[PDB]
Number of protein chains: 2
Amino acid sequence: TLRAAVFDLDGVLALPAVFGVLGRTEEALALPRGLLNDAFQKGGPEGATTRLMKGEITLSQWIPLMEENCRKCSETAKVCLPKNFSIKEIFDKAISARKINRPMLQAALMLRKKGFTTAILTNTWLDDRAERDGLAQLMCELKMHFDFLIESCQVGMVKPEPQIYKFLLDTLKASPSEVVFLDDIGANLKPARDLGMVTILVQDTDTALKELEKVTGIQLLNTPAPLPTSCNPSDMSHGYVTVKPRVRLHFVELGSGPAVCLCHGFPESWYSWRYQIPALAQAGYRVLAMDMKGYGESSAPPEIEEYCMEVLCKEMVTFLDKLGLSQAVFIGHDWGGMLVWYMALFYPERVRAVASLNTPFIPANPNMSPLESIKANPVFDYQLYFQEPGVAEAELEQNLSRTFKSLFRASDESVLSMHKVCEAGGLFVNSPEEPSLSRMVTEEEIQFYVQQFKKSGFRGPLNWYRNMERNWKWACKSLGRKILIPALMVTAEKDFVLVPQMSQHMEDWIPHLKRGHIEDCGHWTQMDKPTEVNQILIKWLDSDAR
Amino acid sequence: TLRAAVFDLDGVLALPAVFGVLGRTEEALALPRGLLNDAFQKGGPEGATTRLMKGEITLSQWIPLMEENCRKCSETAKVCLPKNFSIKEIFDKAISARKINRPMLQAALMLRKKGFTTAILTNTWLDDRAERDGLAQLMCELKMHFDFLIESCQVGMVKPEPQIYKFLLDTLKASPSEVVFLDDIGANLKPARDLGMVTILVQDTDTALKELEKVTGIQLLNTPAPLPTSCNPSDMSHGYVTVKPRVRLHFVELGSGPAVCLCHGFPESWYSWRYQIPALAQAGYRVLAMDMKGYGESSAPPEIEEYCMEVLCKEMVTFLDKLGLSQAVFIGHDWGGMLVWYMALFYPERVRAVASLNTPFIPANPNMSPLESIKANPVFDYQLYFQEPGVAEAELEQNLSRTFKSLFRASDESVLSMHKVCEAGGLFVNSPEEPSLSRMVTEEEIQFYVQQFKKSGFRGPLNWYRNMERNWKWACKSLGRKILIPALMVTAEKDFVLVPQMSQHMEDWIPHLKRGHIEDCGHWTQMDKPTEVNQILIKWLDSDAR
Ligand SMILES: FC(F)(F)c1cccnc1N1CCNCC1
Ligand SMILES: FC(F)(F)c1cccnc1N1CCNCC1
Ligand SMILES: [Mg+2]
Ligand SMILES: [Mg+2]
């Protein structure tokens with residue numbers, strides 16, 4: 001029956017409410033009880049406040065009117081306002097104090113996820129104060145989570161006027177009885193109730209959610225911790241930079257603030273960062289999530305040498321040049337992890353800070369050929385398998401859904417070991433035709449990857465693995481250096497290829513290296529433990545790159 | 001004969017030179033003459049400094065070695081270094097003191113423009129200091145101007161070793177006698193001279209340029225003031241945001257820092273900002289130069305209402321939402337100018353600051369229909385001509401080269417008046433078949449526009465002019481407001497359609513409005529007077545939006 005949920009901003013999706021600062025200020029300042037609320041409402045339907053809420057005037061135009069109102073209210077109450085009494089001040093403070101009420105947001109999210117149409121309906125103002133960015137940020141963070149945002153000052157109507165609920169219903173394409181509406185002000189609920197909408201009077205959040213659970217029949221309270229916000233590909237800004245004649249790089253871009261360049265591993269995608277992209281932007285960074293050369297909408301030239309580290313690095317520098325970026329923070333995973341360590345060693349002036357997930361920094365051994373190093377470690381056997389052009393291409397391209405469904409697995413689910421892969425004749429020889437879906441990924445998400453790999457296949461990706469010697473020679477040039485810019489190594493307990501212990505000597509080359517560590521996390525770090533990844537990167541960004 | 005020019009960084013393209021701080025510091029501190037230069041060079045070919053310049057070690061690794069060297073040099077000179085003597089300190093200060101030597105850069109630019117191949121060849125270091133961004137910025141600003149940048153620390157070779165000049169010559173694809181090489185250090189010139197390259201020993205800039213003028217036979221000194229840097233379209237980052245199902249917006253993006261959204265007029269392009277894009281990025285802003293709806297690589301739906309101001313504005317807000325931008329500075333010209341005034345009035349929380357070139361802010365007249373307002377002013381007659389769908393489309397699309405060559409004219413060149421256009425039967429009825437090229441535009445540049453307008457033609461563009469009534473109704477809602485966020489109006493003396501005097505009452509609606517004014521500037525502001533435009537916007541950005 002119920003198909004839509006409507007939430008207010010003040011006192012429902014964001015707390016403390018601002019009218020609340022009228023009551024608090026009166027008490028803090030020992031003013032006549034209600035004096036500030038009287039001034040806020042002076043003239044009712046035709047007073048300053050309603051003109052504000054309808055968008056006839058801006059907030060700065062309103063401030064002196066409210067000032068006058070307070071003056072007149074105190075005259076009639078025969079008291080004096082304190083020296084320093086400032087409506088600008090009170091309102092600035094209250095508006096910066098108000099924060100998203102997280103459980104109410106998660107309830108909206110949940111309802112939207114079971115197919116509800118959701119909306120914010122709010123009496124609000126055109127905000128032109130010097131400090132407006134504060135509110136602009138809040139609304140941005142909230143609105144993306146809802147089907148509609150209806151603002152009194154944009155539609156020229158205010159609760160409790162009945163025409164706004166008609167506008168609401170019309171925007172929802174729903175009949176009143178299909179709608180639950182939550183508000184902290186009872187007068188604002190009445191016209192919803194008159195139309196036969198279910199209403200909830202929000203005093204404390206938890207009780208309001210209990211009512212909402214009862215009435216929708218969906219669990220909202222005591223729900224497990226949800227995943228971080230993901231990205232929908234067709235809502236992203238897609239960027240394209242040509243770095244040389246046959247090579248154009250694609251990236252997704254979100255946020256403002258210091259530039260943070262995300263470099264995915266093999267065989268992956270910008271989309272592998274779908275959980276960090278919104279969290280890092282929300283945390284105050286400008287996120288550039290690449291398709292690395294060889295993948296997705298980036299070019300994929302066929303030649304092996306096009307993917308040695310030196311070429312790849314110089315290309316990443318050109319990409320900053322063309323974007324007019326003097327530096328970026330570089331964060332890599334797996335192959336992208338190796339690449340950012342090289343950016344740090346060969347282009348520190350362009351790297352604000354460097355972090356790697358899973359991929360440790362290991363200096364080249366100038367006395368031992370890389371192939372020999374590789375044959376020492378049974379778990380790198382899969383790398384020998386990747387050497388002969390065509391062999392791994394044919395197995396990986398044969399059935400893309402099956403490829404990513406076999407690769408993208410949480411630590412308790414594997415179908416493929418990286419163990420004696422050559423001898424077996426390949427990666428999937430002992431895995432099923434139709435693997436079960438990992439808990440880390442939906443069917444939709446697998447199909448995104450499938451579709452990306454239909455453009456270029458696995459030649460480009462596999463080429464990253466085919467410059468052992470050439471990378472070894474270039475890396476040898478860096479053996480006298482150390483990495484002395486800010487650096488974070490994040491180890492994954494259950495990555496059985498890039499094991500935590502392989503990172504154990506890193507402090508010799510990076511004396512001030514910082515660390516994080518994630519337990520019960522396999523190789524696909526960002527999607528396996530997206531909450532822990534976000535929290536470790538934001539903490540390290542805030543303290544080391546900001 | 002001469003076909004290439006090679007410049008050093010320190011003491012040639014950037015001044016003061018850093019070895020210069022060794023001499024200065026000695027003098028400032030009353031140290032034994034040359035003590036610091038001795039320490040800088042200790043061990044020569046195998047000393048710390050050469051390993052630095054070859055990229056064996058980073059700058060921070062070098063700092064303690066140079067410290068030791070100074071200690072040993074003073075021991076042997078039997079003096080003591082002052083308390084507080086800090087190589088880190090001296091080097092930080094010197095490296096931030098060094099700035100582009102503008103006349104040397106303009107000489108390189110000029111030579112490149114007459115077809116020289118140009119290069120920077122420099123002995124330099126991998127810079128990993130906390131303050132490295134300073135140098136990263138310099139190199140970025142310089143390198144874009146040259147065909148090659150060759151850095152000792154990247155190629156593992158240093159001047160004066162002969163192998164670097166061979167590497168140089170090989171990079172240039174030129175024989176030694178086709179090359180002029182400038183350096184401030186004579187020892188570094190010798191191996192160039194040995195190979196038969198022309199050399200210039202740069203002491204003072206002007207004399208070095210006199211020598212360079214003599215030897216290339218091209219005027220470099222006392223040249224008129226050059227245009228600002230322009231953009232090459234295929235070197236830009238191209239961004240694409242879908243703002244609703246049939247509407248995707250394209251923009252070009254350059255720089256980091258506060259977001260600055262550039263909105264072009266009718267019938268124009270992101271490319272109309274080609275002169276401001278690099279200058280604003282260089283000045284510390286993140287430039288987003290739009291193709292506005294209807295143009296270039298943005299979508300161009302056919303329906304008239306798709307281009308009323310309300311839809312256009314809401315779309316620009318969505319574009320910030322999807323980019324994760326809580327605000328941007330909005331700078332408009334002509335129609336984009338009108339649009340940003342509306343952004344200011346209807347979305348001040350999203351507008352950090354607003355500026356318009358040519359387009360004044362005039363409040364709707366609630367008592368007079370817009371059509372009547374329009375018929376009052378003979379100079380708006382061209383707008384009546386634009387109303388009937390198809391008519392102006394057919395004339396404007398008939399011959400694109402002729403269209404833009406007729407439209408884009410400096411104030412002393414016009415072929416078309418905006419005068420009794422309806423009566424005449426159109427815009428070009430009294431203009432030539434093949435107009436002469438304006439001084440403001442090359443043939444290449446016209447052809448860029450031609451090619452952009454081949455995608456969608458003039459229906460979308462013309463539609464901007466076809467919502468007089470609808471814009472009038474929406475604007476009426478804003479008649480109680482004022483614009484109280486930072487605002488700049490730039491008038492153009494010789495725009496005979498958007499005349500300076502039409503902006504004369506603006507302080508009534510925008511009390512703290514700031515102004516600039518450009519003389520002898522026609523309607524095509526950005527390309528007519530690009531130097532004056534850049535200087536007025538950067539000054540206003542720095543003081544009001546930063
Ligand atoms: F097959 C596979 F993709 F290689 C792979 C499969 C499973 C686990 N880890 C893998 N690797 C990713 C590439 N770098 C080394 C680790
Ligand atoms: F033809 C033309 F494009 F309209 C035009 C031609 C010449 C000068 N100014 C023009 N206008 C540009 C559009 N807005 C009004 C001014
Ligand atoms: Mg409320
Ligand atoms: Mg020099």
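The sequence lines fix the lettering, A, B, ..., with proteins before strands; numbering per chain opens at 1. Below, all heavy atoms of this structure are taken into account, side chains as well, without hydrogens, waters or symmetry copies.
Atom OG1 of A:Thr242 and atom CG of B:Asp235 lie 8.0 Å apart (nearest 0.5 Å). Atom CG in A:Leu254 sits 11.5 Å away from atom NZ in B:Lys322 (nearest 0.5 Å). The line from CD of B:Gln154 to CZ of A:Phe346 is 7.5 Å long, rounded to the nearest 0.5 Å. B:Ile57 CD1 to A:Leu479 CG: the interatomic distance, rounded to the nearest 0.5 Å, is 14.0 Å. Atoms NZ and NZ, on B:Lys54 and A:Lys477 in that order, are 12.0 Å from each other to the nearest 0.5 Å.
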Just do the side-chain contact (heavy atoms from CB on, under 4.5 Å) check on B:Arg129 and A:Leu484 with the steps written out, would you? CA-CA 8 Å; B:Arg129 296 141 54 232; A:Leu484 292 172; over 6 Å; no

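Annotation: maximal heavy-atom pairing with chain A below 4.5 Å, among B:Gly324, B:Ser326, B:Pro486, B:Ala259, occurs at B:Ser326. Most heavy-atom pairs under 4.5 Å with chain A, from the set B:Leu323, B:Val243, B:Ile483: that is B:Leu323. Most heavy-atom pairs under 4.5 Å with chain B: of the set A:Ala281, A:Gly55, A:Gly156, A:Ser234, this distinction falls to A:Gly55. Each of A:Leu325, A:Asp128, A:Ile485, A:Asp133 has some count of heavy-atom pairs under 4.5 Å with chain B, and the biggest count is that of A:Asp133. Comparing A:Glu141, A:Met139, A:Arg352 by how many heavy-atom pairs each has under 4.5 Å with chain B, the most go to A:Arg352. The candidate from B:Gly255, B:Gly480, B:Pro278, B:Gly257 with the greatest count of non-hydrogen atom pairs under 4.5 Å with chain A is B:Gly255. Your options are A:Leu126, A:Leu320, A:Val241, and the one with the most heavy-atom pairs under 4.5 Å with chain B is A:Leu126.
Each of A:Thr124, A:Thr58, A:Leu135 was compared with B:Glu349 under the side chain to side chain contact (heavy atoms under 4.5 Å, CB included) criterion, and only A:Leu135 meets it.
Atom NZ of A:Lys473 is surrounded by 12 or fewer heavy atoms from other residues, nucleotides or ligands within 6.0 Å. Counting heavy atoms of neighbouring residues, nucleotides and ligands inside a 6.0 Å radius, atom NZ of B:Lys482 does not exceed 12 of them.
A:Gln327 is listed as a side-chain neighbour of B:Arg132, based on a closest heavy-atom distance under 4.5 Å. With a 4.5 Å cut-off on side-chain heavy atoms, B:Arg481 and A:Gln61 count as touching. With contacts defined as side-chain heavy-atom distances shorter than 4.5 Å, the pair B:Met144/A:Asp321 does not qualify. Annotation: side chain of B:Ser237 is not in contact with side chain of A:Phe319 (no heavy-atom distance under 4.5 Å). By the 4.5 Å heavy-atom criterion applied to side chains, A:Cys140 and B:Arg350 are counted as neighbours.
Neither the backbone nor the side chain of A:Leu59 comes within contact range of chain B; no heavy atoms are under 4.5 Å apart. Of the two parts of A:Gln137, the backbone and the side chain both hold a non-hydrogen atom closer than 4.5 Å to a non-hydrogen atom of chain B. Looking at B:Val351, only its backbone comes within 4.5 Å of chain A, counting heavy atoms on both sides. Neither the backbone nor the side chain of B:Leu249 comes within less than 4.5 Å of any heavy atom of chain A.
The pair B:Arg286-A:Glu253 meets the salt-bridge criterion, since a charged nitrogen lies less than 4.0 angstrom from a carboxylate oxygen.
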